[PDB]
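Chains as they are written, first to last, in the numbering used here: chain A, 4 to 40; chain B, 1006 to 1147; chain C, 629 to 686; chain D, 41 to 215; chain E, 786 to 991.
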Amino acid sequence: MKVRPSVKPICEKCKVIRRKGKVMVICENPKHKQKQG
Amino acid sequence: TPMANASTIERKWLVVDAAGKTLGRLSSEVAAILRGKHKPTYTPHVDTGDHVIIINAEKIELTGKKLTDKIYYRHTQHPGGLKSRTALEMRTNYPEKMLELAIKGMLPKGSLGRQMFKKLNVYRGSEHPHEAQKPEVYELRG
Amino acid sequence: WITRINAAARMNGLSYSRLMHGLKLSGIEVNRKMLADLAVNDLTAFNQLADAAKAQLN
Amino acid sequence: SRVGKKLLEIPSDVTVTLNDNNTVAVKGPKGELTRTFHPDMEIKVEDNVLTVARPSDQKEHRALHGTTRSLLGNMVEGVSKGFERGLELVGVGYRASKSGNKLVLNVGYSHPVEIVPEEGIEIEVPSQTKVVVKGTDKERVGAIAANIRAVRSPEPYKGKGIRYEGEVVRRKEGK
Amino acid sequence: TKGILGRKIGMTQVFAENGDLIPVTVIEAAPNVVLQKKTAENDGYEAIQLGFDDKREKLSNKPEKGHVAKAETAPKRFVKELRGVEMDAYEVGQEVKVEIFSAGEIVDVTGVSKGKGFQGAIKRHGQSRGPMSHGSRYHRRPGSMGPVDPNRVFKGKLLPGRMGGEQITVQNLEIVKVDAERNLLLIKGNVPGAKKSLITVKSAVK
RNA sequence: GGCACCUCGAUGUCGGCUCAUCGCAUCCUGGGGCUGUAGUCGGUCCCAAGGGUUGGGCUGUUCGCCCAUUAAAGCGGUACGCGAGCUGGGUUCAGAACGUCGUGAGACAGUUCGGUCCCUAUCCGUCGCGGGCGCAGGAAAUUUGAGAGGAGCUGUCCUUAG
RNA sequence: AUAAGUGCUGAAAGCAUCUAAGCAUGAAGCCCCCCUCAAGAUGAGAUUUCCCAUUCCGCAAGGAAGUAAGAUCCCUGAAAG
């Protein structure tokens, strides 16, 4: 769970979605999930 | 020399239904009829206003996401203490608070302001305690 | 005077601004705010001016 | 490539009823389901046919059109044949047993736990190491499955607690 | 809930059949009488208000005499009311006595405090005092007012004033013996208030 | 630190004592995510300001270092909080000396010993306590509660179970 | 009732997706529950009980003069000061 203002898909099977106005990224690797801000 | 009326006034009793009128527009028009600015013989120091009664204070609706976004701050005079409650809060128990401070901020400030807020009463439901004043139903315009 | 005139116009279902606009294209209404206010205290005459302005407006 | 466009069916005595304001009540062999919808959707029931349409073509309209289509499908299918979600608890001492309507599940916690389904949602314990819930609607089925999972979601080293059917859990090597 | 009202006669110790020593509070309570049964549909809530001990006819006045004449007793000096009681349990004019309590029950106790008067901050709130030596002219003063920027002192800086006389509640007290013959109560602990004063005793809400 | 904008017809300057109060960019206690997280322990990050956040030795010292505890020994703001509340150890007078500089009178963010801290509270403000009046008759009691305050902290041991 | 978080169902965008529609769970945190004050709350609240609506004047606008219930002054005091 990273909290970075810059959100990148770390690997190709991460996918970027928007929840509650804040951009997340979800991947089945739990090491790759972060929110923006 | 125009007539500045004093103690030549009759007070009407008005009923307005608040179930489907947003409190911003409702407060804005209710402040005007509380001022008596609808009355033609208005003077700014004798309170030619009209008694109004709210009906269904419980059913106000709010535009946008104000239902949980509007905060009602209040500050007791003791140090380091602030109280707040949201807009969807006090719908549960006292909408009369939301209305009463809405028209309190609506109408002018001063001794006449207190005396002129004095005429307004606000209740839940659709039931007057009083019918002896022969209250007529009036609708909003804007 | 203006807010009294505004009340007089609104209770005939008219805005004050449209009222004076209609008066001005109705003619040179040299009648002014004080005596229009006295026309409010003689309101039937104020009605007799208001409908003339309204009917002239269109 | 449009799920909200396709049609739905009434196979075997699926009594779909349209109520006053876009409200639907269906009584099938499994039971009765009821649901209320905001009235901008047009739902008309024909013999073995039910309609769904949106007034305009824009974002929220498309979204709620597709969702209400899938949801009507979900209620009619659940009231037709029902739904079940299996669950296979794993480990070395973990014990799950029926205790009437209420379930008693024995986990390494110093106390046994308790779950009381009440919504017409029924549970079945076919084996010691495998449990299943039975319910009319998939939503409440998944809710009860979620609370059973939340008693002990598994660990990534050995794997314990509660597991869904074929649920792949991540493996971490603990030295 | 349940509770009575009495007069605090004193406090002592009593042994309790095991070797340990138990200080006790001694409260005599003549059997109280319920005078009015406050009900919801007119009073907004349900309660019973009851009187504790008598008065002479000299100090009795006509209004309270008429109020008491419904329950047909002597005039009552000490009247209080309780909330949360069983509404139908008490008929108006009945007594309550002391036996509704039994030894070993946890008890909420409430009484007025001992009045002390105008005491300084040292006694009043127990913050420490300055040095007694090394040049200190700050022997027993109540501390600095506050900062400078707010241009005023805040509310609630704790200053010298009167003590006492303000009712206080001690929770979870334990009744060790009841003497219904003499109409006496005997609670472990220490109970606030001066001698021969008000004291009310309740079943603990905890 | 830069600028010189209010104050030289005076706005008392370090530190300490008494008293707090606020913010959160959280030291503990609360809830979680990831872990190069087996478990006892941790690392980071997020939500969280309710409460708490120790006694000594040394130096005027804040600061530090050390001793011993604690769950923890937080960071900051409020005229580097608080002298019409206190302290006067140091800087910040007049005496005297040392080192150095100056031919000298003398001088040193160099040191050392000694060295007068005024005020009867007017109005706000604060903490208590009274009198009047009001509450469309006059009284004695019992209350409702808008709305204010306070408390709101934690360890150790046993068992589950080696 | 929530925060971070964990979700259930599901389209937009045939899949996926705690999400936009809905349904949940979730903190020494918020409101209550605990204790105290509190109707000057001028919005001056409520309950029970007692006194009764006398004498004069302008007759009446309203005053004044004895009172009832009930208080007070004064005195003995303290558990209060």
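Just so it is clear, CB atoms sit at the ideal spot from N, CA and C, and this is done for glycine as well.
A Cβ-Cβ distance of about 7 Å is found for the pair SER988 of chain E and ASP893 of chain E, placing them in contact under the 8 Å criterion. At a cut-off of 7 Å between beta carbons, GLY946 of chain E makes no contact with chain B. Between the alpha carbons of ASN669 of chain C and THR1027 of chain B lies a distance of about 35 Å. The residue from E:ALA965, E:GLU866, E:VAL961, E:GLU966 with its alpha-carbon nearest to that of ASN975 of chain E is E:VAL961. If one requires a minimum length of 4 residues, no alpha helix (DSSP H) run lies completely within the region 876-904 of chain E. A distance below 8 Å between beta-carbons, with the five flanking residues on each side excluded, links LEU127 of chain D to the following residues of its chain, in chain order: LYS170, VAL171, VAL172, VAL173, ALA185, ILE188, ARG189, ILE202, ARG203, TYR204, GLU205. Cβ contact annotation for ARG632 of chain C (same chain, cutoff 8 Å, sequence separation greater than five): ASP665, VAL668, in chain order. Of all residues in the region 912-942 of chain E, only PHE939, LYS940, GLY941 come within less than 8 Å of chain B when Cβ atoms are compared, listed by chain position. Per DSSP, the continuous alpha helix (DSSP H) segment holding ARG1119 of chain B begins and ends at 1116-1122.
In chain E, no part has a C-beta under 8 Å from the C-beta of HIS1080 of chain B; the shortest such distance is about 12 Å. The Cβ neighbour count for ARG926 of chain E, taken over all protein chains shown within 10 Å, is under 16; the residue is labelled exposed. When C-alpha distances from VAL89 of chain D are compared across D:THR55, D:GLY175, D:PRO152, the shortest belongs to D:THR55. If you compare the alpha carbons of E:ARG914, E:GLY900, E:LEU943 with that of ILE953 of chain E, the shortest gap goes to E:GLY900. Counting only runs of 4 or more residues that sit fully inside the region 146-194 of chain D, the alpha helix (DSSP H) segments are 178-191, in chain order. For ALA664 of chain C, no Cβ of chain B is located within less than 7 Å of the residue's own Cβ.
Listed as beta-bridge partners of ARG868 of chain E by DSSP are E:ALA832. Chain E places no beta carbon closer than 7 Å to that of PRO1049 of chain B, leaving this residue out of the contacts. Chain order gives the chain C residues near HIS1043 of chain B as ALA635, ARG638, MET639, where near means a beta carbon separation below 8 Å.
With respect to chain B, the C-beta atom of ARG632 of chain C has a partner C-beta closer than 7 Å. Here the C-alpha atom of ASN1126 of chain B lies approximately 13 Å from the C-alpha atom of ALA1036 of chain B.
Around the beta-carbon of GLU117 of chain D, 16 or more other beta-carbon atoms lie within 10 Å, marking it buried. Residue environment: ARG660 of chain C is assigned as exposed (fewer than 16 neighbouring CB atoms within 10 Å of its CB, all protein chains considered). Annotation: the continuous beta strand (DSSP E) that includes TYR1077 of chain B extends over 1076-1079. Contact of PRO1113 of chain B with chain C is not assigned, every C-beta pair being separated by 7 Å or more.
Distance from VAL147 of chain D to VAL191 of chain D at the Cβ level is roughly 7 Å; contact confirmed, criterion being Cβ atoms closer than 8 Å. Rounded to the nearest whole angstrom, the C-alpha separation of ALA801 of chain E and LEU970 of chain E is 15 Å. Between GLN676 of chain C and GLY650 of chain C, the C-beta spacing is not below 7 Å. Excluding the 5 residues flanking it on each side, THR63 of chain D has same chain C-beta neighbours closer than 8 Å at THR74, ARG75, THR76, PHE77, in chain order.
Taken through DSSP and simplified to helix, strand or coil, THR63 of chain D comes out as strand. A check of alpha carbon separations from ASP964 of chain E across E:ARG792, E:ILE812, E:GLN798, E:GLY788 identifies E:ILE812 as the nearest. Listed in chain order, the non-local C-beta contacts of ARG967 of chain E below 8 Å within the same chain comprise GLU813, local neighbours out to five positions each way being set aside. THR1073 of chain B is classed as exposed because its beta carbon has fewer than 16 other beta carbons within 10 Å across all chains shown. The Cβ of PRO1084 of chain B sits closer than 7 Å to at least one Cβ of chain E. The three-state reading of DSSP puts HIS1056 of chain B in strand, counting E and B together.
The Cβ neighbour count for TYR830 of chain E, taken over all protein chains shown within 10 Å, is under 16; the residue is labelled exposed. Annotation: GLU1101 of chain B is outside any beta strand (DSSP E); the continuous alpha helix (DSSP H) that includes it extends over 1100-1111.
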